[PDB]
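**Q**
Chains as they are written, first to last, in PDB author numbering: chain A, 25 to 49, 67 to 120; chain A', 25 to 49, 67 to 120. A prime marks a further copy of an entry chain.
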């Protein structure tokens with residue numbers, strides 16, 4: 025049982041910032074449901090990747106994408 | 025501060041299963074580092090999607106992919 029993280033922010037005014045942490049720790070979920078738009082945004086397969094940052098040790102991949110009508114960003118661990 | 029989840033399993037003998045939960049709750070991470078191969082597998086942009094299951098209310102998208110030499114699967118919430 026352990027953990028990693030990633031971040032998730034949007035562009036345009038009214039932008040939201042996200043510091044997400046993922047825990048790899067039969068019935069029922071594990072809590073509530075934030076704004077559902079922030080879920081359908083962190084999951085969407087942004088097949089395009091145009092960034093590789095961080096300092097490794099740790100390696101993050103940066104990936105912009107438009108959903109509906111709002112441009113995001115999403116940097117995830119990538120060893 | 026709240027939560028969603030998703031699952032992550034592999035094919036071929038010696039397969040691992042994963043029940044992952046994501047918490048959208067300046068310095069430092071948030072814990073340890075599981076087997077790094079399971080991180081570089083849940084993050085990889087599987088741009089291809091060939092599944093839409095669950096019962097909605099809740100909606101999951103199913104998406105197979107080959108990394109290196111191991112075929113996975115990955116079903117994520119998609120409202």
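Yeah, the Cβ is synthetic: ideal placement off N, Cα and C, and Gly gets one too.
Against residue 87(A), what residues of chain A' qualify as contacts under a CB-to-CB distance less than 9 Å, listed in chain order?
**A** Here residue 87(A) refers to the residue found at position 46 of the first chain. Chain A' residues near residue 87(A): 86 and 88.
**Q** Go ahead and pull the three-state DSSP assignment for residue 81(A').
**A** Taking the second chain and counting its residues from 1, the one referred to as residue 81(A') is at position 40. In the structure shown, residue 81(A') adopts helical secondary structure according to DSSP, grouped into three states.
**Q** Nearest to residue 96(A) by CA position, among 119(A), 85(A), 113(A) and 109(A), is which residue?
**A** Locating residue 96(A) in the first chain gives position 55, counting from the first residue. Sorting 119(A), 85(A), 113(A) and 109(A) by C-alpha distance to the C-alpha of residue 96(A) places 119(A) at the top.
**Q** Using beta-carbon positions only, say whether residue 45(A') and residue 47(A) come within less than 8 Å of one another.
**A** Locating residue 45(A') in the second chain gives position 21, counting from the first residue. Locating residue 47(A) in the first chain gives position 23, counting from the first residue. In this structure, residue 47(A) lies closer than 8 Å to residue 45(A') by Cβ.
**Q** Using DSSP bridges, identify the partner residues of residue 111(A).
**A** For the purposes of this step, residue 111(A) is identified with residue 70 of the first chain, where counting begins at 1. The secondary-structure analysis by DSSP pairs residue 111(A) across a beta bridge with 108(A).
**Q** Taking buried to mean at least 16 other C-beta atoms within 10 Å of its own C-beta, is residue 29(A) buried or exposed?
**A** Counted from its first residue, the first chain places residue 29(A) at position 5. The residue in question, residue 29(A), is buried, as its Cβ has 16 or more Cβ neighbours within 10 Å.
**Q** Ends of the beta strand (DSSP E) at residue 103(A)?
**A** For the purposes of this step, residue 103(A) is taken as the residue at position 62 of the first chain. Residues 99-103.
**Q** Under 6 Å Cβ to Cβ from residue 35(A'), same chain only, skipping five residues before and after it: list those, please.
**A** Here residue 35(A') is taken as the residue at index 11 of the second chain, counted from 1. The answer, listed in chain order, is 112.
**Q** Taking the alpha-carbon positions, what's the residue 75(A) to residue 83(A) distance?
**A** The sequence position of residue 75(A) within the first chain is 34, counting from 1. The sequence position of residue 83(A) within the first chain is 42, counting from 1. Roughly 12 Å separates the two Cα atoms.
**Q** Listed in chain order, which residues of the segment 31-49 of chain A have Cβ atoms closer than 8 Å to some Cβ of chain A'?
**A** 42, 43, 44, 45, 46, 47, 48 and 49
**Q** Taking only beta-carbon atoms, is residue 91(A) less than 8 Å away from chain A'?
**A** The residue you call residue 91(A) lines up with position 50 of the first chain. Judged by the 8 Å Cβ criterion, residue 91(A) is not in contact with chain A'.
**Q** Residue 93(A') bridges to which residues according to DSSP?
**A** To locate residue 93(A'), count along the second chain from 1; it is residue 52. Bridge partners of residue 93(A') according to DSSP: 102(A').
**Q** Name the chain A residues that come within less than 7 Å of residue 97(A'), Cβ to Cβ?
**A** In the second chain, counting from the first residue as 1, residue 97(A') sits at position 56. None at all; the shortest Cβ gap to chain A is about 11 Å.
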